[PDB]
Amino acid sequence: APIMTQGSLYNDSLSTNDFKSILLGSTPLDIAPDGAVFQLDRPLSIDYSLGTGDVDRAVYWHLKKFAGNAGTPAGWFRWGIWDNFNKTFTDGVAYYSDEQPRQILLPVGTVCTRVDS
Amino acid sequence: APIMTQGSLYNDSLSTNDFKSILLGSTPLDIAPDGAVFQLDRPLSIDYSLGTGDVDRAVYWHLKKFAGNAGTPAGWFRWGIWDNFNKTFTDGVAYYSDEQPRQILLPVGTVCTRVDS
Amino acid sequence: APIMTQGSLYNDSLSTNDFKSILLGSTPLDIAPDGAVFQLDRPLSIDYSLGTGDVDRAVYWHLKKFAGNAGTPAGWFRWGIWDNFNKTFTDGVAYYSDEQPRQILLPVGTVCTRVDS
Ligand SMILES: [Ca+2]
Ligand SMILES: [Ca+2]
């Protein structure tokens with residue numbers, strides 16, 4: 001049971017710190033419990049800004065599930081860092097939306113592997 | 001049969017909006033039908049600039065074949081976005097060549113999967 | 001025997017042109033001889049600067065082993081470019097450490113393939 005995305009994640013679909021699970025088109029991700037952490041087999045690049053409206057670029061390989069509700073049953077994911085030794089997830093930097101060209105950050109077929117207990 | 005690149009794509013080989021197919025060293029790519037779209041298993045990073053000579057970086061996962069001519073018999077690829085729902089390809093941002101270090105953007109062994117039709 | 005990393009490479013562990021082999025948590029990598037070159041199945045993103053105040057990003061797919069000393073017995077890897085035709089390795093750009101968010105550049109499970117002869 002390898003979990004693969006079935007929908008593309010576009011940069012214009014990111015909120016400041018998360019995105020909706022539904023975008024990835026994966027029932028396993030949609031039903032994953034709160035706090036589940038996944039490692040991606042493809043990098044998730046996140047443009048950020050340290051100030052002055054300037055864009056810089058970060059890379060993340062891990063997503064943490066935030067359980068949904070009636071309006072958004074599939075919930076959300078935050079990108080960040082999974083420490084496999086200490087078993088900790090740390091949220092990544094906020095996404096900065098400016099004038100970047102539209103991009104598929106994670107394409108269809110991205111493999112997601114649960115890494116927490 | 002899986003199509004793998006046999007030659008590295010270097011950043012200093014990109015034109016503003018394409019690169020020559022021959023660079024990838026793949027006969028299946030060289031003779032792919034005009035307009036064929038491929039998804040990559042590795043990100044293609046394209047440096048761009050929206051102004052002031054400032055470089056930012058975009059990611060692409062899709063290439064569209066442009067048929068050759070007598071001068072370039074194997075033709076070209078453009079990078080861009082494949083919409084697998086609406087079955088459309090949109091060319092990506094222009095590559096901005098300035099003072100970046102030389103880089104292999106796509107190494108030997110990159111897997112290319114046809115996704116159109 | 002595919003070689004997979006067992007520890008994450010964090011951006012805050014990079015020196016200007018190398019990092020300690022031991023960080024990747026792999027005995028095969030640790031014992032690899034001076035001069036061994038590996039290709040990665042995942043991009044290694046290296047932030048650099050042109051020197052006017054801004055962080056840009058380069059991509060590398062190759063590492064070369066450099067023999068260590070009493071303080072770092074397993075030695076170091078440098079990122080760079082492997083030319084598979086001419087059998088040459090060229091060191092990549094200096095890493096620029098500024099105020100970037102902490103990032104896993106290469107996660108656990110990155111596959112390293114020896115490519116020098
Ligand atoms: Ca910047
Ligand atoms: Ca810049």
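Whatever order the structure lists them in is the order used to number ligands and atoms, beginning at 1. Chain A is the first sequence line, chain B the second, and so forth, proteins listed ahead of strands; every chain is numbered from 1. As a basis for the values below, the full set of heavy atoms in this structure was taken, side chains included, without hydrogen atoms, waters or symmetry mates.
Coordination check, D54(B) versus the Ca ion (ligand 2): passed, since an N/O/S atom of the residue sits under 3.0 Å. Within the 3.0 Å limit, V55(B) places at least one N, O or S atom next to the Ca ion (ligand 2).
Figure legend: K65(B) and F77(B) shown as a cation-pi pair, the cationic atom lying under 6.0 angstrom from the six-membered ring centre and within 45 degrees of its axis.
In this structure, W79(B) contributes its side chain and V59(B) its backbone to no donor-acceptor pair below 3.5 Å.
Within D56(C), the N, O or S atom lying nearest to the Ca ion (ligand 2) carries the name OD1.
For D18(B) and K20(B), the salt-bridge test fails: no basic side-chain N is under 4.0 Å from an acidic carboxylate O.
The side chain to side chain contact (heavy atoms under 4.5 Å, CB included) test with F19(B) is passed by exactly one of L105(B), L14(B), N11(B): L14(B).
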